[PDB]
Amino acid sequence: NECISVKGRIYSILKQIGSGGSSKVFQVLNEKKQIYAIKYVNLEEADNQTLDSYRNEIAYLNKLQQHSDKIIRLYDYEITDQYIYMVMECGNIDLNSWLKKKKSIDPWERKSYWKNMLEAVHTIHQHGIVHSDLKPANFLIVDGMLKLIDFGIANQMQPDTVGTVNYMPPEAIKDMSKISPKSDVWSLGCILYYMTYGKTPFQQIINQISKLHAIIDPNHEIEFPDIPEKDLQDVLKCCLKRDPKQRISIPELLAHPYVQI
Ligand SMILES: CN1CCC(Oc2ccc(-c3[nH]nc4cccc(OCC5CCCCC5)c34)cc2)CC1
């Protein structure tokens, strides 16, 4: 029996669903037994740039509430010099844990999930935000629809019940600015590829250094096996174009036959 108090309201912890460096996400219940997700951030041992990323993430989450329902709802928040408490809507499961369960994915559900992802990422791009680290763990399944959890400004968190380089665009590897909204298109294309063939475009390469070479290698042809949905095979080919200027954009993806027909 452990509780959390946010802006006068008391919440009862069900379980810890996520943990990072200084952050924790809990599944909670209010006095009316309504479910919520609370993110706790310990600021006692936090630097100026780490503090600023959490401030910028809260600000953008609050602002982008009214612009799209495909962005996680932030009902309330408490921020002091010692901690951060964020009262958010609780989802059923994240897209990474849902896809790891394998099974059979319906073409109607995959198309509906892809539309939600395009809308969420489109909304953040319109307000000058480029995620740059999109992965299925950044998306949540709530009321049968996908919702974007974070905008990639603050630190990423691991589940509770090691990250990936599979969704990293070739521009980010060719660099170290070349990062633009097109970098998120590649990462979205990798998630859709995983939703279509049951694996990411470079999942066959278990080695991580040999994987990084394959993403930037033009001779390393990405396999696109034939499927009944021909419009789906085209979006995947257009999203996974190594040249960012030749790669399809979000406004072009929203007018593509795969989401319109
Ligand atoms: C492994 N397991 C976990 C619980 C459950 O799935 C989730 C339920 C709720 C949620 C969530 N709701 N609101 C949320 C608001 C912010 C963050 C959130 O999670 C972050 C982190 C949680 C673990 C996976 C990566 C993202 C949030 C998310 C996963 C079933 C599977």
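Numbering of residues begins at 1 and proceeds along the displayed sequence.
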Close side-chain approach of [X] to [Y], heavy-atom, < 4.5 Å:
{"X": "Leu64", "Y": "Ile129", "value": "yes"}
{"X": "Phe139", "Y": "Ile149", "value": "no"}
{"X": "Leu118", "Y": "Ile250", "value": "yes"}
{"X": "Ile191", "Y": "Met117", "value": "yes"}
{"X": "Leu61", "Y": "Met86", "value": "yes"}
{"X": "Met145", "Y": "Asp69", "value": "yes"}
{"X": "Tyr193", "Y": "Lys199", "value": "yes"}
{"X": "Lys211", "Y": "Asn166", "value": "yes"}

Nearest-0.5 Å distance, CG of residue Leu232 to CG of residue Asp234: 9.5 Å
Restricting to pairs with a member in residues 141-155, which pass side chain to side chain donor-acceptor pair (under 3.5 Å), not counting sequence neighbours?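 Passing the test, one end in residues 141-155: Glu89-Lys147, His131-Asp150, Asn138-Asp150, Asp150-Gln156.
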Do any pairs count as a side chain to side chain donor-acceptor pair (under 3.5 Å) and have a residue in residues 17-29, sequence neighbours left out, and if so which ones?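 Checked against side chain to side chain donor-acceptor pair (under 3.5 Å) - neighbours excluded - the pairs reaching residues 17-29 are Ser19-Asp160.
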What pair of heavy atoms forms the shortest contact from [X] to [Y], and how long is it?
{"X": "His256", "Y": "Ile248", "value": "CD2-CD1, 4.1 Å"}
{"X": "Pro136", "Y": "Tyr194", "value": "CG-CD2, 4.3 Å"}
{"X": "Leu253", "Y": "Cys239", "value": "CD2-SG, 3.8 Å"}
{"X": "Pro169", "Y": "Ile215", "value": "C-CG2, 4.2 Å"}
{"X": "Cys190", "Y": "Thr200", "value": "O-CG2, 4.2 Å"}
{"X": "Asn207", "Y": "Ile209", "value": "OD1-CG2, 3.1 Å"}

Trace of the side chain to side chain donor-acceptor pair (under 3.5 Å) decision for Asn56 with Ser53: CA-CA 5 Å; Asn56 196 257; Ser53 66; over 6 Å; no
How does the hydrophobic cluster around [X] look, that is, which other residues are in it when side-chain heavy atoms under 4.5 Å mark a link?
{"X": "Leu14", "result": "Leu29, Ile35"}
{"X": "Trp108", "result": "none"}
{"X": "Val25", "result": "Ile17, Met157"}

Do NZ/NE/NH1/NH2 and the carboxylate oxygens of [X] and [Y] come within less than 4.0 Å?
{"X": "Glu252", "Y": "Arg247", "answer": "no"}
{"X": "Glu229", "Y": "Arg110", "answer": "yes"}
{"X": "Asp52", "Y": "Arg55", "answer": "yes"}

What residues, two or more places apart in sequence or in another chain, satisfy salt bridge (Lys or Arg N to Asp or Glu O under 4.0 Å) together with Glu109? none
Single-linkage hydrophobic cluster [X]~[Y], side-chain heavy atoms < 4.5 angstrom:
{"X": "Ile222", "Y": "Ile227", "value": "yes"}
{"X": "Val28", "Y": "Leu140", "value": "no"}
{"X": "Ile13", "Y": "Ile84", "value": "no"}

Exceeds 12 heavy-atom contacts within 6.0 angstrom, atom [atom1] of [X]:
{"X": "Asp81", "atom1": "CG", "value": "no"}
{"X": "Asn48", "atom1": "CG", "value": "no"}
{"X": "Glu223", "atom1": "CD", "value": "no"}

Residues that [X] engages under ring pair (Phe, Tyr, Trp, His ring centres under 6.0 Å), provided they are two or more places apart:
{"X": "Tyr40", "answer": "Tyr85"}
{"X": "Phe202", "answer": "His220"}
{"X": "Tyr113", "answer": "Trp98"}
{"X": "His67", "answer": "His127"}

Is there a side chain to side chain donor-acceptor pair (under 3.5 Å) between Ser187 and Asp184? Walk through the geometry before answering. CA-CA 5 Å; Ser187 303; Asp184 283 345; 5.3 Å; no
I'd like to know if the side chain of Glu119 reaches the main chain of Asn116, judged simply by a donor and an acceptor atom lying under 3.5 Å from each other, with no hydrogens or angles considered.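 No.
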Would you verify whether the NZ or CZ of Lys7 falls within 45 degrees of the ring axis of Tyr77 while also being under 6.0 Å from that six-membered ring's centre?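 Checked: cation-pi criterion met.
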Would you please name every residue forming a side chain to side chain contact (heavy atoms under 4.5 Å, CB included) with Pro181, sequence neighbours left out? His125, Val130
By side chain to side chain contact (heavy atoms under 4.5 Å, CB included), which residues pair with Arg9, not counting sequence neighbours?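 Counting only residues at least two positions away or on another chain, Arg9 forms a side chain to side chain contact (heavy atoms under 4.5 Å, CB included) with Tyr11.
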